[PDB]
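Novice: The structure is given below, and queries will be raised subsequently.
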Amino acid sequence: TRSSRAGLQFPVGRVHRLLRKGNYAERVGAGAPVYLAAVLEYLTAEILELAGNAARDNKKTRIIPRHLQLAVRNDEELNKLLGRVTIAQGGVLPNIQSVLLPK
Amino acid sequence: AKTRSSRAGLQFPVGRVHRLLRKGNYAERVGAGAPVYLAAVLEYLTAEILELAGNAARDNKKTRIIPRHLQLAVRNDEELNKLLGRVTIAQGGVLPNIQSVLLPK
Amino acid sequence: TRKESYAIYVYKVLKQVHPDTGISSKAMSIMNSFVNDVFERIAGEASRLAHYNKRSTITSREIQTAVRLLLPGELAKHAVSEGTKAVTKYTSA
Amino acid sequence: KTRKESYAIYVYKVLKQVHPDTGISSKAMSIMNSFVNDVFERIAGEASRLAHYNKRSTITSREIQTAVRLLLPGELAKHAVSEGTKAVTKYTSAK
Amino acid sequence: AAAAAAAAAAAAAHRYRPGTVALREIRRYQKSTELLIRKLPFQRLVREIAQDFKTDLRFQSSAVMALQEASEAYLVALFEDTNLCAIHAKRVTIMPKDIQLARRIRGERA
Amino acid sequence: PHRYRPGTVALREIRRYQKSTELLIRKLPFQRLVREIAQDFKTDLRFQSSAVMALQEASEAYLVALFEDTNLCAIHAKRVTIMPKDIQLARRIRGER
Amino acid sequence: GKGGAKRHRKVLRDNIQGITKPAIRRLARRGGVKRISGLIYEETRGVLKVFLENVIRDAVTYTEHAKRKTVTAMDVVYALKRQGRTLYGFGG
Amino acid sequence: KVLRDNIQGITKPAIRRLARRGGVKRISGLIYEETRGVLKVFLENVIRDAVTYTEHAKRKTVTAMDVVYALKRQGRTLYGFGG
Amino acid sequence: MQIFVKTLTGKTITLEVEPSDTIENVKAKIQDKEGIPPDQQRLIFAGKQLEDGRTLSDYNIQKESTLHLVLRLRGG
Amino acid sequence: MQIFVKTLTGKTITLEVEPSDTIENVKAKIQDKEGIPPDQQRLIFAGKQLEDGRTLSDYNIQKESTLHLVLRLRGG
DNA sequence: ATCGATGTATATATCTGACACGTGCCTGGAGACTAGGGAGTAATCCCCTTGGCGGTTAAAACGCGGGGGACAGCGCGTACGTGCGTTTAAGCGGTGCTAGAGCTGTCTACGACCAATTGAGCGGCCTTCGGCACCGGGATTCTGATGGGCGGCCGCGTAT
DNA sequence: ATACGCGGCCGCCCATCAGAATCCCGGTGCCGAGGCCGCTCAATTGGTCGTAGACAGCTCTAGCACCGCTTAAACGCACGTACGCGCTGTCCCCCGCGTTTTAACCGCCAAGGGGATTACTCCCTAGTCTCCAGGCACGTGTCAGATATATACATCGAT
């Protein structure tokens, strides 16, 4: 049943409904609900873990907002995908500009 | 009057715009005076833009109107180019504008 | 087979306002493009709002605000006015 | 009562999959659903756009397939397709 | 023959004093994630202008919280470039214009 | 014998060139270049002559805009000639990349 | 030169005098510049004002297209979305 | 024949004229090369977006029409040639 | 030069104008006297509607002509 | 120092790596002697499957450590 | 200080090919009818936002002074624009071909529609073991008043 | 009158008993996965008619490619003046810091406005029918603007 037959972690019989109720095209291609659940799970997983790494970087048991952006902001790729989407209680990377050195 | 446009006193196509609102999937039910309202609106805008476009054409010694005439017409007015700021122009061309300081003593 | 244009609607109004004047063939095309874009941003606007509070209708007011927001002031307000008058014009008739 | 549904069940197992006895705040949880729902419209809307350009009237998987390709940069994109193509491929195998 | 030692830093350690805090506060501010601007003056600032565009206004607790977040974040970002501009100039000083260029080229500023 | 004082010619054209609409890039080389990359995804594909122009306009204007941002920053420094960094500086701030 | 039943009440929460100047510098260093001009920070609030209006402009509009007295935070989001400064964390 | 020695086609003068259009007054030697790189960046991404639809359409002769939609995607809408 | 405008009531107002003055300038003057906005004014003389962006001289309107002010005929 | 891995075969293999050096970097050197991909190899220490970009100090590795090895499944 | 040479505007008529027209046919527009569920309005309740209030308690808020960064002066260097001459290659409109776009016509796969049954999902509620940092009992080590015996007090004191 | 005795004091090493202090064994407080649960309302199951849409067919457009005379644009090459830019040096505008005064923040206690659901009917639209003229293709020519060629002045810089 959906997750089973498809073999994914995401809800295949949930995004099908919204795509038909959003009202995208006339009817809906059979391709999509299933495919559309798949990439979504894939992205879901790509962040959680780097967020995990980031929390472990500075040694923490639980991940929190601060971690998430630290993870993404540092990453080259994700960072561009969410280039201008701006973020809850996030703060920022340590950055020291060059000629502002304490010589 | 038979023609709808005329019942609302206009040049813009009442019913052609109605169908375009149904072939665009935008929603399950199409409104009745929406169509008109909308037609009429653009009508103004066109005019608004097309009113100076001509004036620009007058400006430069021509009786016709080439596209730059649309371009200058849109850039100068702040309430015109402001909206279209995300519009770039078939051979738009440029406002003569030379920055303050590189001009010579 | 049936290439559409909004050239016909521009064609009258042009003359209505500057009768000793004309359009470039590409300048008209540019205008054709412009209206449709312009038709879509609004329509798009309209649709989102309908959906937001689950509205199975684009009424005559849903468009009105939509424009109000979409447009810079001086232009927006005149257009708001033309709009109601037209409804005024059409319903009794 | 009220509804206000979210993707909380899906995000949670994913994180379990990648550090099982690792934790999360109730503030980063919404960021996550906010993030998903955001990507949802981004992809499905674009699909809608192409469908009624080159003149057809339903949205299948292929389109997403195409859509995805230009919505994202080189390296992630290929792996993403791959994953995507197989998941479904298996889905059909069963039936 | 007893010799109490100056081993502990006190207020003579940490190198000298020239440009000593300058970079210090920066770091502590970064590790933290608290609002830079107060959350009481800001609250009225909005209520007050919001009246001028409409009457009989109400506000969700968060709605402002949210604006604060937006705004703060909005400025920092601004400054962040400003800084660069500032550097470009042979300067470590954000200037009244440094602000303008930044905005002008982003495009809200003319 | 006569040669124009430096900076007397360049401005004159700026404007001449500002008034007009006509494209600055070459029809042949442009085209070849477009073909070069397109092949690199998939090889040997065709485009209507206009389709090429459609593409040609969108970028010709695009530069001229960036050069304008590059110039302000050159000015901001008390300078006179658009240097490299300014372009990059500009690129970084727009945060396109 | 009289007591004259004098009563003093002036306004410093909302109004820009009232707000705290360090509140800004607090902001300035996160960026990490070494120096703050007096002139500059005054301008900066100036712009804040410009940014702040447009949003509320829209906010107000969405509150009002629905005939609602209570302004939603979502309402702010869409506003931000329109200018391309959308906020994750909120109001899916 | 794979097209190459292309990048240069956009010779010294043409890059320069753009800049005057820009309202720059003068120009160092170095950046003729820098811009070509970007120009390329920009073309690549757009053509990348464009080509897919064309493939999507079971065709080769990629249309002007795609050039444009593809431009609308990156966020450089064009008024002039389309639909 | 002066022109005249016969308002809705039949009352005539005097405007000081040049023949190169635009219809909107005259409508702005009528707004300044009567409080009617330019967009709600139609200025009529003898079976021509005078249009925005055009001049008094575009319609050969000269000295001590009387224009007729009307509002917007609504189908009702 | 010395780092120890226990394989599925059971046979014990002894190799010497700097503690500062990252685990991923050390795996590469051990994947050139056996001719086996680091990807394929899965290692667990003290109930935790080994994590990429985790330093040996953050893993509290000790000399003569005992790490369980798991072979990998991809069906296709 | 008068002059020249260049660049730009402006004058001329004129020929041509695109913008405008008229015509005429057909698909897209208007009108007429119904049905049903979209969307308003009209009714109740209780949550949410606003307010006022005291009180510390750290921050806001100042200043003064001088250090350190900004800006004005100076001076050398050299690199780019403006122009010339030679050479190199696009652009120009012409032909000729067939490949691939566009049309066109029947089949059929796959989605929407109507039906009924059950379990995936959310809030609300509820759970115990494992880790951060404070903490508990017992043997053992270092400080304090005790105490006779060997020496020294020189100064009061009894015996002949 | 004249010389002997001593008396508690006192520095000495040398003996006794409890207090302080570290290791041997520690409990507590705070967060985050499991698990239970239960009515239920949203997906799934088993399934026909028809219509988009793929596909098989076709021809006749348009995308390439070539060829050659002309020529506008690109190159390479050489000079110098007026720009970058680093050096230098002071005066004063910020930092840092010492104290004085303001207002942020938390906690408490109030009241009703407004937001969300529910219940009902009637206004408004798509969807469906019939008929027709607006709007396009079809055809065709001119007139708005573009070029070439004569005509005088500006104007920045050299002398």
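Residues in the structure tokens are named by chain (A, B, ... in the order shown) and by number from 1 within that chain; ligands are numbered from 1 in the order shown.
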Cα-based RMSD, chain I fitted onto chain J, all atoms paired in sequence order: value?

Specialist: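 Least-squares fit of chain I onto chain J, C-alpha RMSD 2.1 Å.
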
Novice: Write out as a PyMOL selection string each polymer residue whose atoms come within 12 Å of segment 93-103 of chain K, counting only C-alpha atoms (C1' of nucleotides); drop sequence neighbours fewer than 2 positions from it.

Specialist: (chain C and resi 1) or (chain F and resi 45-46+48) or (chain H and resi 57-63) or (chain K and resi 91+105) or (chain L and resi 57-68)

Novice: Residues of the last selection are to be written out with N, CA, C and O atoms (P, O5', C5', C4', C3', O3' and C1' of nucleotides), as a tab-separated table (two decimals), in the first residue's frame.

Specialist:
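Below you can see out.tsv, which holds the result:
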chain	number	residue	atom	x	y	z
C	1	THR	N	-3.22	27.59	-36.73
C	1	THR	CA	-4.49	27.61	-37.50
C	1	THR	C	-5.24	28.92	-37.21
C	1	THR	O	-5.67	29.58	-38.17
F	45	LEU	N	21.79	20.12	-32.83
F	45	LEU	CA	20.38	20.58	-32.78
F	45	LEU	C	20.27	21.99	-33.38
F	45	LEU	O	21.28	22.76	-33.49
F	46	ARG	N	19.04	22.37	-33.76
F	46	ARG	CA	18.74	23.46	-34.64
F	46	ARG	C	17.91	24.54	-33.93
F	46	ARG	O	17.12	24.27	-33.04
F	48	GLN	N	15.45	28.20	-34.98
F	48	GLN	CA	14.98	29.25	-35.86
F	48	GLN	C	15.87	30.49	-35.73
F	48	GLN	O	16.27	30.79	-34.61
H	57	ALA	N	9.80	18.16	-25.71
H	57	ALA	CA	8.88	18.24	-26.86
H	57	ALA	C	9.14	17.30	-28.01
H	57	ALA	O	8.35	17.45	-28.95
H	58	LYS	N	10.11	16.40	-27.88
H	58	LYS	CA	10.37	15.36	-28.87
H	58	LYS	C	10.88	16.04	-30.15
H	58	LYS	O	10.38	15.82	-31.24
H	59	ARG	N	11.79	16.96	-30.00
H	59	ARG	CA	12.23	17.72	-31.15
H	59	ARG	C	13.63	18.17	-30.88
H	59	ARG	O	14.09	18.23	-29.64
H	60	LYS	N	14.24	18.64	-31.98
H	60	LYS	CA	15.58	19.11	-31.93
H	60	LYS	C	15.55	20.56	-32.18
H	60	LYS	O	16.16	21.34	-31.42
H	61	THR	N	14.94	20.91	-33.27
H	61	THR	CA	15.02	22.30	-33.57
H	61	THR	C	14.30	23.14	-32.47
H	61	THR	O	13.33	23.83	-32.64
H	62	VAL	N	14.97	23.21	-31.33
H	62	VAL	CA	14.75	24.14	-30.21
H	62	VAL	C	14.26	25.47	-30.75
H	62	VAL	O	14.87	26.12	-31.64
H	63	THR	N	13.14	25.91	-30.17
H	63	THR	CA	12.46	27.17	-30.64
H	63	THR	C	12.93	28.50	-29.96
H	63	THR	O	13.47	28.57	-28.80
K	91	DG	P	27.97	38.49	-38.31
K	91	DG	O5'	27.35	39.26	-39.55
K	91	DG	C5'	27.55	40.65	-39.79
K	91	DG	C4'	27.28	40.97	-41.24
K	91	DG	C3'	25.93	40.51	-41.81
K	91	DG	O3'	25.35	41.62	-42.50
K	91	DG	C1'	27.65	39.77	-43.24
K	105	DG	P	-8.93	14.47	-41.52
K	105	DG	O5'	-9.22	12.92	-41.32
K	105	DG	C5'	-8.40	11.89	-41.91
K	105	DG	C4'	-8.31	10.64	-41.05
K	105	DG	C3'	-9.45	10.49	-40.03
K	105	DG	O3'	-9.97	9.15	-39.88
K	105	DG	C1'	-7.34	10.45	-38.90
L	57	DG	P	1.51	3.80	-41.09
L	57	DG	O5'	0.57	4.79	-41.93
L	57	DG	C5'	0.11	6.08	-41.46
L	57	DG	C4'	0.15	7.08	-42.59
L	57	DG	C3'	1.42	6.98	-43.44
L	57	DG	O3'	1.18	6.78	-44.84
L	57	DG	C1'	1.16	9.17	-42.64
L	58	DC	P	1.78	7.76	-45.97
L	58	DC	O5'	1.04	9.11	-45.58
L	58	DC	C5'	0.45	9.95	-46.56
L	58	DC	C4'	1.05	11.34	-46.47
L	58	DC	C3'	2.37	11.58	-47.20
L	58	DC	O3'	2.17	11.99	-48.58
L	58	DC	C1'	2.26	12.73	-45.08
L	59	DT	P	2.90	13.28	-49.14
L	59	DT	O5'	2.23	14.44	-48.27
L	59	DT	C5'	1.44	15.47	-48.93
L	59	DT	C4'	2.01	16.84	-48.65
L	59	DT	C3'	3.08	17.32	-49.63
L	59	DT	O3'	3.12	18.76	-49.68
L	59	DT	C1'	4.07	17.00	-47.50
L	60	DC	P	1.80	19.66	-50.17
L	60	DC	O5'	2.12	21.12	-49.59
L	60	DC	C5'	2.14	21.38	-48.17
L	60	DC	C4'	3.50	21.86	-47.71
L	60	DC	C3'	4.36	22.61	-48.74
L	60	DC	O3'	5.00	23.61	-47.95
L	60	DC	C1'	5.61	20.87	-47.80
L	61	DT	P	5.33	25.05	-48.51
L	61	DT	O5'	5.82	25.83	-47.21
L	61	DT	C5'	5.04	25.85	-45.98
L	61	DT	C4'	5.90	25.56	-44.76
L	61	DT	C3'	6.93	26.64	-44.42
L	61	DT	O3'	7.01	26.98	-43.02
L	61	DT	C1'	8.03	24.60	-44.77
L	62	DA	P	8.05	28.12	-42.54
L	62	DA	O5'	9.44	27.33	-42.38
L	62	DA	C5'	9.81	26.57	-41.19
L	62	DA	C4'	11.32	26.43	-41.08
L	62	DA	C3'	12.06	27.76	-41.11
L	62	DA	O3'	13.28	27.58	-40.44
L	62	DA	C1'	12.69	26.48	-43.01
L	63	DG	P	13.30	27.59	-38.87
L	63	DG	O5'	14.48	26.56	-38.54
L	63	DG	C5'	14.50	25.18	-38.97
L	63	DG	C4'	15.90	24.74	-39.37
L	63	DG	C3'	17.08	25.69	-39.04
L	63	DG	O3'	18.38	25.16	-38.61
L	63	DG	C1'	16.94	25.40	-41.36
L	64	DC	P	19.74	26.14	-38.54
L	64	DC	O5'	20.62	25.55	-39.75
L	64	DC	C5'	20.57	24.13	-40.06
L	64	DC	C4'	21.15	23.78	-41.41
L	64	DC	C3'	22.65	23.99	-41.55
L	64	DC	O3'	23.23	22.72	-41.30
L	64	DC	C1'	21.53	24.57	-43.56
L	65	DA	P	24.80	22.62	-41.25
L	65	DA	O5'	25.25	23.21	-42.66
L	65	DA	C5'	24.79	22.64	-43.87
L	65	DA	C4'	25.57	23.19	-45.04
L	65	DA	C3'	26.76	24.14	-44.80
L	65	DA	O3'	27.83	23.73	-45.67
L	65	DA	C1'	25.28	25.05	-46.37
L	66	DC	P	29.28	24.43	-45.68
L	66	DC	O5'	29.58	24.47	-47.26
L	66	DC	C5'	28.57	23.93	-48.21
L	66	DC	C4'	28.55	24.59	-49.57
L	66	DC	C3'	29.69	25.57	-49.83
L	66	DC	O3'	30.09	25.51	-51.19
L	66	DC	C1'	27.61	26.69	-50.09
L	67	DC	P	31.56	26.07	-51.59
L	67	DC	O5'	31.39	26.84	-52.98
L	67	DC	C5'	30.15	27.10	-53.66
L	67	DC	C4'	30.20	28.43	-54.39
L	67	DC	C3'	31.44	29.31	-54.20
L	67	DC	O3'	31.82	30.10	-55.36
L	67	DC	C1'	29.56	30.46	-53.33
L	68	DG	P	33.39	30.49	-55.63
L	68	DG	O5'	33.41	32.06	-55.96
L	68	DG	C5'	32.61	32.71	-56.97
L	68	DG	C4'	32.33	34.14	-56.58
L	68	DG	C3'	33.51	34.81	-55.86
L	68	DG	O3'	33.61	36.21	-56.07
L	68	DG	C1'	31.59	34.98	-54.52

Novice: Any chance you could list, as number ranges by chain, the residues in chain E that come up alpha helix (DSSP H) when DSSP is run on the backbone?

Specialist: E: 22-31, 41-53, 61-88, 96-106

Novice: Write out as a PyMOL selection string each polymer residue whose atoms come within 10 Å of residue 66 of chain E, counting only C-alpha atoms (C1' of nucleotides); drop sequence neighbours fewer than 4 positions from it.

Specialist: (chain A and resi 88) or (chain E and resi 60-62+70-71) or (chain G and resi 73-74+76-77+87+89-90)

Novice: Could the residues in this selection be saved with N, CA and C atoms as a PDB file, in the first residue's frame?

Specialist:
ATOM      1  N   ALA A  88      14.334  31.602  10.770  1.00  0.00           N
ATOM      2  CA  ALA A  88      13.842  31.567  12.158  1.00  0.00           C
ATOM      3  C   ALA A  88      15.020  31.456  13.135  1.00  0.00           C
TER       4      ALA A  88
ATOM      5  N   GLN E  60      -1.439  40.498  16.534  1.00  0.00           N
ATOM      6  CA  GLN E  60      -1.137  39.120  17.055  1.00  0.00           C
ATOM      7  C   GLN E  60       0.209  39.258  17.753  1.00  0.00           C
ATOM      8  N   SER E  61       0.296  38.495  18.816  1.00  0.00           N
ATOM      9  CA  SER E  61       1.457  38.547  19.631  1.00  0.00           C
ATOM     10  C   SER E  61       2.710  38.387  18.731  1.00  0.00           C
ATOM     11  N   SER E  62       2.620  37.354  17.883  1.00  0.00           N
ATOM     12  CA  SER E  62       3.744  36.919  17.075  1.00  0.00           C
ATOM     13  C   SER E  62       3.983  37.968  15.994  1.00  0.00           C
ATOM     14  N   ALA E  70      12.322  39.807  10.987  1.00  0.00           N
ATOM     15  CA  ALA E  70      12.521  40.162   9.600  1.00  0.00           C
ATOM     16  C   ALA E  70      13.494  41.349   9.478  1.00  0.00           C
ATOM     17  N   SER E  71      13.207  42.346  10.290  1.00  0.00           N
ATOM     18  CA  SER E  71      13.801  43.644  10.219  1.00  0.00           C
ATOM     19  C   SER E  71      15.233  43.552  10.656  1.00  0.00           C
TER      20      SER E  71
ATOM     21  N   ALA G  73      -0.240  36.857  11.442  1.00  0.00           N
ATOM     22  CA  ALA G  73       1.165  36.852  11.124  1.00  0.00           C
ATOM     23  C   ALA G  73       1.360  36.316   9.707  1.00  0.00           C
ATOM     24  N   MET G  74       0.542  35.349   9.326  1.00  0.00           N
ATOM     25  CA  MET G  74       0.632  34.892   7.911  1.00  0.00           C
ATOM     26  C   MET G  74       0.555  36.080   6.967  1.00  0.00           C
ATOM     27  N   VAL G  76       1.689  38.783   7.343  1.00  0.00           N
ATOM     28  CA  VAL G  76       3.019  39.397   7.130  1.00  0.00           C
ATOM     29  C   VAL G  76       3.891  38.589   6.164  1.00  0.00           C
ATOM     30  N   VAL G  77       3.872  37.279   6.339  1.00  0.00           N
ATOM     31  CA  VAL G  77       4.621  36.386   5.530  1.00  0.00           C
ATOM     32  C   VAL G  77       4.381  36.706   4.040  1.00  0.00           C
ATOM     33  N   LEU G  87      10.006  33.888   4.949  1.00  0.00           N
ATOM     34  CA  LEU G  87      10.509  33.448   6.222  1.00  0.00           C
ATOM     35  C   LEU G  87      10.029  32.033   6.456  1.00  0.00           C
ATOM     36  N   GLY G  89      10.017  28.885   9.011  1.00  0.00           N
ATOM     37  CA  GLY G  89       9.719  28.839  10.417  1.00  0.00           C
ATOM     38  C   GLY G  89       8.249  29.111  10.694  1.00  0.00           C
ATOM     39  N   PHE G  90       7.596  29.847   9.795  1.00  0.00           N
ATOM     40  CA  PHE G  90       6.275  30.366  10.080  1.00  0.00           C
ATOM     41  C   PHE G  90       5.247  29.877   9.076  1.00  0.00           C
TER      42      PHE G  90
END

Novice: Distance cut-off 10 Å, counting only C-alpha atoms - which residues of chain D neighbour chain J? Return them as a short mmCIF file (atom, residue, chain, number, x, y, z; two decimals) with N, CA and C atoms, in the first residue's frame.

Specialist:
data_model
loop_
_atom_site.label_atom_id
_atom_site.label_comp_id
_atom_site.auth_asym_id
_atom_site.auth_seq_id
_atom_site.Cartn_x
_atom_site.Cartn_y
_atom_site.Cartn_z
N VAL D 18 18.63 8.81 9.90
CA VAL D 18 20.00 9.35 9.75
C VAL D 18 20.75 9.66 11.04
N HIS D 19 20.07 9.71 12.17
CA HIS D 19 20.77 9.55 13.48
C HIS D 19 19.62 9.19 14.40
N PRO D 20 19.46 7.87 14.69
CA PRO D 20 18.30 7.37 15.45
C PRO D 20 18.04 7.91 16.87
N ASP D 21 19.11 8.05 17.65
CA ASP D 21 19.05 8.55 18.99
C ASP D 21 19.79 9.88 18.93
N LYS D 86 13.87 5.13 -10.06
CA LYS D 86 13.91 3.75 -9.59
C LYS D 86 12.69 3.59 -8.70
N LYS D 90 10.23 0.47 -9.45
CA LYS D 90 9.94 -0.63 -8.56
C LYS D 90 8.43 -0.68 -8.32
#

Novice: Distance limit 9 Å, atoms considered: only C-alpha atoms. Which chain E residues sit that close to chain A? Return them as an NGL selection string.

Specialist: :E and (18-20 or 23 or 27 or 30-35 or 66 or 69-70 or 73 or 83-84 or 87 or 92)

Novice: Considering only C-alpha atoms, give me a table of residues in chain B that are at most 9 Å from chain I, with the closest atom pair and distance in Å for each, as CSV.

Specialist:
residue,atom,partner,partner_atom,distance
B:7,CA,I:75,CA,7.1
B:8,CA,I:75,CA,7.4
B:9,CA,I:75,CA,8.3
B:51,CA,I:53,CA,6.2
B:52,CA,I:53,CA,7.3
B:54,CA,I:53,CA,8.9
B:55,CA,I:53,CA,7.6

Novice: Residue 7 of chain D: which residues within 10 Å, counting only C-alpha atoms (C1' of nucleotides), same-chain residues fewer than 4 positions away excluded, as a ChimeraX atom specification?

Specialist: /A:10-11 /D:11-12,29-30,32-34,36-37

Novice: Using only C-alpha atoms (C1' of nucleotides), which protein or nucleic acid residues come within 12 Å of segment 75-79 of chain C? Drop anything in the same chain fewer than 3 positions from it, and give the result as a PDB file with C-alpha atoms, in the first residue's frame.

Specialist:
ATOM      1  CA  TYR B  37     -13.859  44.877 -14.761  1.00  0.00           C
ATOM      2  CA  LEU B  38     -10.600  43.305 -15.717  1.00  0.00           C
ATOM      3  CA  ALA B  39     -10.958  44.133 -19.378  1.00  0.00           C
ATOM      4  CA  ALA B  40     -11.679  47.672 -18.604  1.00  0.00           C
ATOM      5  CA  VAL B  41      -8.714  47.906 -16.273  1.00  0.00           C
ATOM      6  CA  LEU B  42      -6.139  46.942 -18.740  1.00  0.00           C
ATOM      7  CA  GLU B  43      -7.855  49.153 -21.061  1.00  0.00           C
ATOM      8  CA  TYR B  44      -6.868  52.028 -18.876  1.00  0.00           C
ATOM      9  CA  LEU B  45      -3.385  50.835 -18.399  1.00  0.00           C
ATOM     10  CA  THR B  46      -2.876  50.493 -22.091  1.00  0.00           C
ATOM     11  CA  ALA B  47      -4.134  53.892 -22.511  1.00  0.00           C
ATOM     12  CA  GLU B  48      -2.106  55.177 -19.720  1.00  0.00           C
ATOM     13  CA  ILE B  49       1.033  53.888 -21.405  1.00  0.00           C
ATOM     14  CA  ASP B  77       7.248  57.930 -15.037  1.00  0.00           C
ATOM     15  CA  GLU B  78       7.950  56.522 -11.571  1.00  0.00           C
ATOM     16  CA  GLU B  79       4.478  54.975 -11.258  1.00  0.00           C
ATOM     17  CA  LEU B  80       4.957  53.408 -14.736  1.00  0.00           C
ATOM     18  CA  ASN B  81       8.372  51.769 -14.790  1.00  0.00           C
ATOM     19  CA  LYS B  82       8.041  50.918 -11.092  1.00  0.00           C
ATOM     20  CA  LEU B  83       5.679  48.055 -11.791  1.00  0.00           C
TER      21      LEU B  83
ATOM     22  CA  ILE C  63      -9.639  41.283  -8.489  1.00  0.00           C
ATOM     23  CA  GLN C  64      -9.976  44.748  -7.072  1.00  0.00           C
ATOM     24  CA  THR C  65      -7.697  44.284  -4.062  1.00  0.00           C
ATOM     25  CA  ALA C  66      -5.391  42.241  -6.146  1.00  0.00           C
ATOM     26  CA  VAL C  67      -4.793  45.185  -8.359  1.00  0.00           C
ATOM     27  CA  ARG C  68      -4.609  47.542  -5.440  1.00  0.00           C
ATOM     28  CA  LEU C  69      -1.578  45.676  -4.120  1.00  0.00           C
ATOM     29  CA  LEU C  70      -0.029  44.891  -7.452  1.00  0.00           C
ATOM     30  CA  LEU C  71      -0.072  48.391  -8.527  1.00  0.00           C
ATOM     31  CA  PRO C  72       1.958  51.502  -7.524  1.00  0.00           C
ATOM     32  CA  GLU C  82     -13.037  52.879 -13.631  1.00  0.00           C
ATOM     33  CA  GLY C  83     -13.787  49.410 -12.384  1.00  0.00           C
ATOM     34  CA  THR C  84     -16.739  50.065 -10.081  1.00  0.00           C
ATOM     35  CA  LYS C  85     -18.289  52.522 -12.608  1.00  0.00           C
ATOM     36  CA  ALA C  86     -18.238  49.862 -15.145  1.00  0.00           C
TER      37      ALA C  86
ATOM     38  CA  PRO I  37     -11.631  64.686 -10.357  1.00  0.00           C
ATOM     39  CA  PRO I  38     -10.226  64.680 -14.002  1.00  0.00           C
ATOM     40  CA  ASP I  39     -11.186  60.951 -14.436  1.00  0.00           C
ATOM     41  CA  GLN I  40     -14.997  61.730 -13.700  1.00  0.00           C
TER      42      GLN I  40
END

Novice: Could you give me, as a PyMOL selection string, the residues within 9 Å of segment 30-38 of chain A, counting only C-alpha atoms (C1' of nucleotides) and dropping anything in the same chain fewer than 6 positions from it?

Specialist: (chain A and resi 2+6+8-17+19) or (chain D and resi 40+43-44+59-65+80+83-85+87-88+91) or (chain K and resi 110-111)

Novice: Could you name the residues that touch residue 9 of chain J at 12 Å or less, counting only C-alpha atoms (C1' of nucleotides), but leaving out those on the same chain fewer than 5 positions away, as JSON, numbers by chain?

Specialist: {"J": [68, 69, 70, 71]}

Novice: Would you export the selected residues with N, CA and C atoms as a PDB file, in the first residue's frame, please?

Specialist:
ATOM      1  N   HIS J  68      32.744  -3.117  15.233  1.00  0.00           N
ATOM      2  CA  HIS J  68      31.968  -4.129  14.540  1.00  0.00           C
ATOM      3  C   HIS J  68      31.872  -3.717  13.071  1.00  0.00           C
ATOM      4  N   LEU J  69      31.877  -4.687  12.156  1.00  0.00           N
ATOM      5  CA  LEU J  69      31.810  -4.364  10.709  1.00  0.00           C
ATOM      6  C   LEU J  69      30.559  -4.992  10.082  1.00  0.00           C
ATOM      7  N   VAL J  70      29.837  -4.201   9.274  1.00  0.00           N
ATOM      8  CA  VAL J  70      28.611  -4.645   8.644  1.00  0.00           C
ATOM      9  C   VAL J  70      28.717  -4.534   7.119  1.00  0.00           C
ATOM     10  N   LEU J  71      28.311  -5.595   6.426  1.00  0.00           N
ATOM     11  CA  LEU J  71      28.302  -5.536   4.953  1.00  0.00           C
ATOM     12  C   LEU J  71      27.024  -4.819   4.523  1.00  0.00           C
TER      13      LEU J  71
END

Novice: Pull the closest atom pair for each residue of chain C that gets at most 12 Å from chain A, along with the distance in Å to one decimal, counting only C-alpha atoms, ordering rows by chain and then ascending residue number, as a Markdown table.

Specialist:
| residue | atom | partner | partner_atom | distance |
| --- | --- | --- | --- | --- |
| C:47 | CA | A:22 | CA | 10.4 |
| C:48 | CA | A:22 | CA | 10.0 |
| C:50 | CA | A:22 | CA | 11.5 |
| C:51 | CA | A:22 | CA | 8.6 |
| C:52 | CA | A:22 | CA | 11.1 |
| C:54 | CA | A:22 | CA | 11.0 |
| C:56 | CA | A:21 | CA | 11.7 |

Novice: Between A:62, A:45, A:39, A:57, which one has atoms that come closest to chain L, using only C-alpha atoms (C1' of nucleotides)?

Specialist: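 Result for the nearest residue to chain L: A:62.
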